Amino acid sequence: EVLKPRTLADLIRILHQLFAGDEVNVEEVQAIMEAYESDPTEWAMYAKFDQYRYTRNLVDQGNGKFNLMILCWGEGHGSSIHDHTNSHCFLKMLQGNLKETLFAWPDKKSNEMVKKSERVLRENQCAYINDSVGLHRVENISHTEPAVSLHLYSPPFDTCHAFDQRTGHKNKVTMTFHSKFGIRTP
């Protein structure tokens, strides 16, 4: 019953429609992202890995309304606990599996951070987060296989905060692209 993009290109085209206004239906975007069947023939040009850390690969600049990117998680790669700078954030599995750990926000006092939820994102599953949902850390479940995910942020942002799990203290971090439109950007 959901509009089903047959190709990554269809998906991008639909996303341009859904983010053209000032209202974004979160469940609708989520269902449409989820309905696209990951096809590595279509996104291999973006799947540029690094040995030591996950990479961010810009697919589409969404006419300033959103950023669409592909994250490549090597064996055992994972993120810090982080926020998402007041944007809508969608993340869809394209290959492998990611564990998402949702964390509560620290307050002023120093303290071990508190897990609110833990799950594995299944094949083609699209999850959603924003700052009001919580913080999270995302990581490849596998030490023998990669994971690949498709992330949509609206509006785009390129800074966020990383949090120390032991204290809740945070650091601003500039986020960078490993590649854009399939072209390395070193």
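The first residue of the sequence shown is number 1, and the count goes up from there.
K.L.:
Per the PDB record, is the mean Cα temperature factor higher over 61-69 or over 119-127?
P.N.:
Stretch with the higher mean C-alpha B-factor: 61-69.
K.L.:
Highest mean C-alpha temperature factor of the two stretches 152-160 and 38-46, which is it?
P.N.:
Higher mean C-alpha B-factor: 152-160.
K.L.:
Can you tell me which of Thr101, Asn111, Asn97, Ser79 has the maximum CA B-factor listed in the PDB entry?
P.N.:
Among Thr101, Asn111, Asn97, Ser79, the highest C-alpha B-factor in the entry belongs to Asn111.
K.L.:
By the record's CA B-factor, is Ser132 among the lowest, middle or highest third of residues in the chain?
P.N.:
As the PDB entry reports it, the C-alpha B-factor of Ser132 lands in the lowest third of its chain.
K.L.:
Which third, lowest, middle or highest, does the C-alpha temperature factor of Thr55 belong to within its own chain?
P.N.:
According to the entry, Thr55 has a C-alpha B-factor in the chain's middle third.
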